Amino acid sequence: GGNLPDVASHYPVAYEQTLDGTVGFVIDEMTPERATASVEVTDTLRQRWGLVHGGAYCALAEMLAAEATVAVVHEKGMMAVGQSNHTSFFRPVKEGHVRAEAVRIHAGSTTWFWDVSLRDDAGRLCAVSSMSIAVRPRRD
């Protein structure tokens, strides 16, 4: 789809209609400890001053960290939802791509924590996100 982990036969919202598909997020790699994703910059990713929207970096980090957790825990009967997202912005991006790498740093019974680095086409660190993902028994 955007290559999200295939863990269920039906999803409530089709990729192309979600925020993820609308702005164009695509997952490249995914393992239990490390996942990567990326997006082309288009105006849909921008704010009116022409820079990538701060919310775009937050949303990229959120889907990558959450879905990399879903990829492990869904078959174990658990759901995984974002609980906290702290993104800090170091350098703006005006065009090209934004590439995210999520590295898992803690995997607890109720919380997984991911460090996400957001880089521009020159490899420069433009933002980071500390993602905290709540993991709970799936409700009937």
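Note that residue numbering follows the sequence shown and begins at 1.
- On average the C-alpha atoms of 72 to 80 have higher B-factors than those of the other stretch, with 72 to 80 and 38 to 46 being the two compared.
- Going by the entry's values, 30 shows the largest Cα B-factor out of 100, 30, 65, 58.
- Among all modelled residues in its chain, residue 20 ranks in the lowest third by Cα B-factor.
- When the CA B factors of the chain's modelled residues are split into thirds, the value for residue 94 lands in the highest one.
- Compared with the other modelled residues of the chain, the Cα B-factor recorded for residue 131 ranks in the lowest third.
- Remark: residue 122 belongs to the highest third of its chain, ranked by C-alpha B-factor as recorded.
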